[PDB]
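What follows is one chain in structure tokens, specifically the form deposited in one PDB entry.
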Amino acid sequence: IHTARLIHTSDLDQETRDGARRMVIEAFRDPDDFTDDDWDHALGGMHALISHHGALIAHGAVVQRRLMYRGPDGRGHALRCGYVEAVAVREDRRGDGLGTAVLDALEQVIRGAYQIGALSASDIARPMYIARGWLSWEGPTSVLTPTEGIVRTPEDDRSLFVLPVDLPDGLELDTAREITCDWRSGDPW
């Protein structure tokens, strides 16, 4: 049985922070890339950590952002989103449920503080999100840019997963419709 500890970015010491960052980059690389924008995107919220003999073996982070969604009534909602980033298990420790343990903890943050969880999954982790009941987003994805308007993001079109936990009053989320993230540098999703 595995249990990740949850800890805010502000409570991570330099050592653990640099270590987490180096573990996640290693897990994603195979000697597309995990860049410093990808790491920056994982900062600011709650980290889930599992370590062994002082070494991080599993990491995940949930940060706040806004997801824009417009229903068929043409209204418009800016939902408080718990966005999951930098989920990773050290290669040699994979296949034993550490990844499940990270997501268990992050989902606890999502359900307790956000209206919706979302992420853009790597191909190897999609099965994990399906089995946990995340909803694959089927409509076009877009990003709200500063200077153009809402711009389509075709590279992200079949990778988004959502987890509606606390949608306002009577909002029905139609996965067939468009969805739009707020602006950031690097990959918007």
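Numbers follow the displayed sequence, beginning with 1. Shifts are known only where both forms have a C-alpha. In this text, the rigid core denotes the largest set of C-alpha atoms whose superposition between the two forms falls within 1.5 Å.
Just so it is clear, the following notes concern the form deposited in another entry, a form of the same protein that is not shown.
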item: Comparing forms between this form and the one not shown after core superposition, the one residue of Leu163, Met128, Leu43, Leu144 displaced by 2 Å or more at CA; value: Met128
item: In that other deposited form, whether the C-alpha atoms of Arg158 and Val89 sit closer or farther than here (change of 3 Å or more); value: closer
item: Note on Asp18-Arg126 C-alpha separation in that other deposited form, which departs from the shown form by 3 angstroms or more; value: farther
item: Runs in sequence order between this form and the one not shown, three or more residues long, with CA shifts of 2 Å or more on the rigid core; value: 122 to 128, 155 to 158
